[PDB]
Each structure stands twice: as C-alpha cells, then as structure tokens.
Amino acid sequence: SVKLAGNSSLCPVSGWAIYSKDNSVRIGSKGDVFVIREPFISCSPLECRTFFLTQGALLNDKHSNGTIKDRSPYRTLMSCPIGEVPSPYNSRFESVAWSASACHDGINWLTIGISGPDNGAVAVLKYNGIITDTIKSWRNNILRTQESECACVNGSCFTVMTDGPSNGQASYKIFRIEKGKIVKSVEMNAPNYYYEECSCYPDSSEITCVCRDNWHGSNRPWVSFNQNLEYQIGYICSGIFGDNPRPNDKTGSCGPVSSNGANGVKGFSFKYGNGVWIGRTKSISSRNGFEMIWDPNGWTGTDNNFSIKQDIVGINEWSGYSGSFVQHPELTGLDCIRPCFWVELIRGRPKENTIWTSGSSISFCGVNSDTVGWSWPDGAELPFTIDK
C-alpha cells in the first residue's frame, strides 16, 4: 500500500459512459433495502463503494414512515460495493451520521460522521474504522459536511464543513486530515458567499470544490486550495446556471446570481482551464432530469453559450443530489485523475404520495471514446404496499 499521489491533472473528457445503476427502490419493493438518502461514491486503489445515510429502516416497512426528516439518531453512514442495493446483508457499517464524507488516502478509509443535536453536533472521524478525532459545532447551528467524497493528495485528505444559517451568511471551514487526525483548519473569509455540500476533487496537488449556495445564488460557488489551506474563492461565471432552483439561462455572473438564488441542490462541476463540465437538473424549478454540459469558457465567462450537452435523466423523471468522484492513476493505470459522477434519484416525499423518502443511484465516468445521451431513471412504481 502506498499513498495516492494526487499530483496529475484531471483527464480531459468528451463524454460520460454509464458506470453503475443499483435499482434500489425497485428492488426494495420486495427485498430488504435500506431507506437512504445522500448517497455518494468513493474509490480506494482496489475498489469503488457507494456510501449512504440510512434511515435505520427498510423500504416497504412501517419504520420508513417520516423519512422526509433529515436528522435523527437512527441515521447511520454505511457502504456497499458499487451498483449493489444497500441492504443490511451486503453493507458495512461506517458511523453514526446524519451528514457525512469519506475518502481513501491510498492506505486506509477515512470516514466523517456527524451526529448529535442541532445546537452542538459532533463530527466523528475514523481511520480504518477506529475513532481518530472529533470536531464539534463552533456556531451551534447544524454542523454539516459534503455528502460526497473528501479529496486526498499525498497522504493528506481534505474536506469542507459549514456551521450556521442556511438562509443567510454562514461559517465555512476547510480541514486537512492525516491518518484521521485534523492537523490544520482554516475558516474562509467569504462575505456575501455561501458554501455547503461541497463536491471536492484533487487536480495537480490542489483541491477544487464546487458547492451549493442555499442563501442567494443560482450559480455554484467554488473554493480551491493547496495543501497548506491557502485558498481562492469564486462562483461559476457561466450563464448556464448550475443550481436547482435557478432561472432560465441568460448572462451569468462571477458573483452569486440572486435570481432564484434561495434554496438549492447538492451538485458538482469539473474545471478545465477556462471551461467547465456542468452537471445539472433539466428542470429549473424541481429536482427532475439531469444533463452534462461542456461550456468551454464557462468557468470564467458569463455567456449562456455551450458546446456539448449529454442527457442523463429525462426531464419528467426524478433526480436529486449529484456529486463528483475520481479514479486516481493508482486505480486505473492512466496518467491522469479520471473524473466521474453520481446522481441520486430521490423517490417519495415531498413530491409523491408515500409515507417515506428514499433514493437510488446512477453513476458515469468521463471518457474520450464515443458516448450517448439517454434516460436512466429510478423506475419504481409508487406508491408502495406500506403506503396504502
């Protein structure tokens, strides 16, 4: 075992090849599948795994009732192999958690699991399953983190957490973690900005995070930083607005776009010089559909012109959260860090007549070979037996 180097560049990609689909909700109609949300993928040098926050309940059982609720003591972070349904019979226990991150440094898994009360939550860090550190809410208002993989470069792993309001200015901190021990943190000077649920990736020994502005931005904030936590901040300039909700595409801004700026959805994007691969919902108002857009000047330019669009979920089908993951050269044998993404397909409440809320997933990896647009939706027929 050796540390992931994390020093090559992102592989340039022309399209996205489908990687996994788990059909969890479809299968949970009969089988024993966890009620989950906030799924994400992360890879070691040997395998890729789906992480997810369970609700301590299975689909189509009565304890699935009320799972629209975000935070409870029943929620646990757990993981299974990519593409498998998250079942009590195939899933490894990670942490007690209603917000979470994980990532593999090349040697062992780091996991971060926040539980406790809204006014004094605690992140428990584990390295190879052993508790190695904790960090407690500093603003006493729902300490929260990525809901996707943390990022590793040369034995140090990096994440972002937020504490404070979700409808106004909050506090955002960046952490450096080595063998599960926080060795440095910095609070971001980001007035008039808002970061949550950061999708962070390594690229040439530095970390880039694209996040959710729930306060007043329908474009996505970003923060990048080096191993010493010296950071830079911005918003994606493209007029192809990345958040949900959002306005129709028009002239963008390098600051937060206030039109339709309140609320949000967890998302991601990949920076390639001045350009950007944007993943987003197809609907401007609800979590429906998904598409990947290549905008060759979208990182720094404000026009709404793009070069490529690839359909992933159709506009009438349910989507939800999305995030980045990467495959490092140590895993693939390439000479670059490969970009991939997952989409959470949220089913049930609040949009459907169920007592429950849960998600299945799909993921894709970046390639330079031929690809195609389509729709790979969840496909469960709601309501279920328990609802009726």
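From 1 onward, residues are counted along the sequence shown.
Taking the mean C-alpha B-factor of each stretch as recorded, 186-194 and 103-111 are not equal, and the higher mean is that of 186-194.
Note on 92-100 vs 161-169: mean CA B-factor is higher in 161-169. Comparing the C-alpha B-factors of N248, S269, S87, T76 in the entry, the top value falls on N248. Comparing the listed residues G320, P39, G333, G348, the entry records the largest Cα B-factor for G333. In the PDB entry, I337 places in the middle third of its chain by CA B-factor.
Residue-level temperature factors show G129 in the middle third of its chain, judged at the C-alpha atom. In the PDB entry, a CA B factor belonging to the highest third of its chain's modelled residues is recorded for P12. Sort the modelled residues of the chain by CA B factor and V122 lands in the lowest third. Among all modelled residues in this chain, the alpha-carbon of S20 has a temperature factor (C-alpha) in the lowest third.
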